[PDB]
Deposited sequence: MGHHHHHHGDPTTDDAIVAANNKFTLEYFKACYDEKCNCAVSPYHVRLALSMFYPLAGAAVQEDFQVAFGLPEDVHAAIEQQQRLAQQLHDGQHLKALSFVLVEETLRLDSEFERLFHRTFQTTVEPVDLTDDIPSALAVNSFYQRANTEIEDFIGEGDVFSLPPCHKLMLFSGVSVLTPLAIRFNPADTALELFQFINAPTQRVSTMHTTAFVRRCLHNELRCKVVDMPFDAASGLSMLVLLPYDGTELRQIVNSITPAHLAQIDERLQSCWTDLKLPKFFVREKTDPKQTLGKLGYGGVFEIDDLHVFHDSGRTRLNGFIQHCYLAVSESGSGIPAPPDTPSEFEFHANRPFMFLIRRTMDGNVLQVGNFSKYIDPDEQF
């Protein structure tokens, strides 16, 4: 388990560096990218099995890899606190192979829906309705364009939703929320609802990374916490995002100390659709999308994965229950971690002003 977490954190930060765009807000879960894609490892030929061994550290013992995926996925998905749900579309006119059925219908925690993948309307509706019924705060998971193809149409597509739903354990008082400037990259003087409290939070300075750090816990029952990295003045968020490694996370864990902190944070959310197929390609792991290597169907030949879309959600809000200042009034990075082992479950940034009356 120590090795799995170490490897996941290293991959998570590399993946985030490959998708971060300083002009946009982002939330991704590389861990769930790994868990969802790993379901195809037992079905994969030599080229893709090698890719997944390199990218994710999967066991060469495929039986052990299946058991590992099951254990890790069950630990991650946690009811009311964090929902991590995969969904698979398969072309309905192709009979499935018996091992795919065994694994995807009767082994892995996932849902497979056969659809007419030549028709983007029912294909998108199957995905969107699944995530709506899952009550995971993502009501428009994909658009029709995300599943569309001209002939020869797609045969196989994968989806990951990761939603952090647990409330913060820090008591922000809404009487103290006010419109305050936030230095958005696209609107440096825009004012937005900004929460304020005095909290006894774990905090540190990190002079090498050039940021202040607070670890903001969620409700105790979730076992989760949000590390917020706020660049020092005169330092761009991109420098923190590109610099950070697991070694820095370890140093932060050693340096954090609980301290009465004057905390200011926008009342924010991030709900962002991303494309693991593109990001994994950038990291050198495009093989599963570029080589026809997965044994899914009975009599149509091995297939590539035609698409993999992820949609993540996180929001913060006030609670119904000083020797450091942490005023997050400029772009920051966040990491959602399991407190017990430090495993990073979701990572992102808040940088851009999105007017809710406009979009």
| property | result |
| --- | --- |
| Stretches with no C-alpha atoms in the model, relative to the deposited sequence starting at 1 | 1-13, 335-343, 382 |
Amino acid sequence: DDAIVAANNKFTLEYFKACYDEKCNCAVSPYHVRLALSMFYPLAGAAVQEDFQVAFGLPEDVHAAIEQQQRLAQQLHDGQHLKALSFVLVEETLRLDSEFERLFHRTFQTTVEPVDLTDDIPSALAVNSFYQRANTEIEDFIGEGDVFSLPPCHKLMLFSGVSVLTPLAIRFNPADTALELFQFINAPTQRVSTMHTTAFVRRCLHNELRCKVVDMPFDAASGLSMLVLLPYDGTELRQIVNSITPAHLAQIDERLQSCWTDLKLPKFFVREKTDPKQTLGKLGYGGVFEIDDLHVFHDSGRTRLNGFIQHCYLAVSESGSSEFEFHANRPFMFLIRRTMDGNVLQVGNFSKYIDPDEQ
From here on, numbers count along this sequence of modelled residues.
{"item": "Greater mean Cα temperature factor according to the PDB record, 210-218 or 172-180", "value": "172-180"}
{"item": "Which of 142-150 and 262-270 has higher mean CA B factor, as the PDB entry lists it", "value": "142-150"}
{"item": "Member of 104, 131, 200, 159 with the greatest C-alpha B factor (per the PDB record)", "value": "200"}
{"item": "Residue, from 278, 136, 110, 242, that the PDB entry assigns the highest Cα B-factor", "value": "136"}
{"item": "Third assignment of residue 231 from its chain's C-alpha B-factors", "value": "lowest"}
{"item": "Chain third (lowest, middle, highest) by recorded CA B-factor, residue given as residue 36", "value": "lowest"}
{"item": "Where the record places residue 225 (Cα B-factor, split into thirds across the chain)", "value": "lowest"}
{"item": "For residue 19, the third of its chain into which the C-alpha B factor falls", "value": "middle"}
{"item": "CA B-factor placement of residue 319, once the chain's modelled residues are sorted into thirds", "value": "highest"}
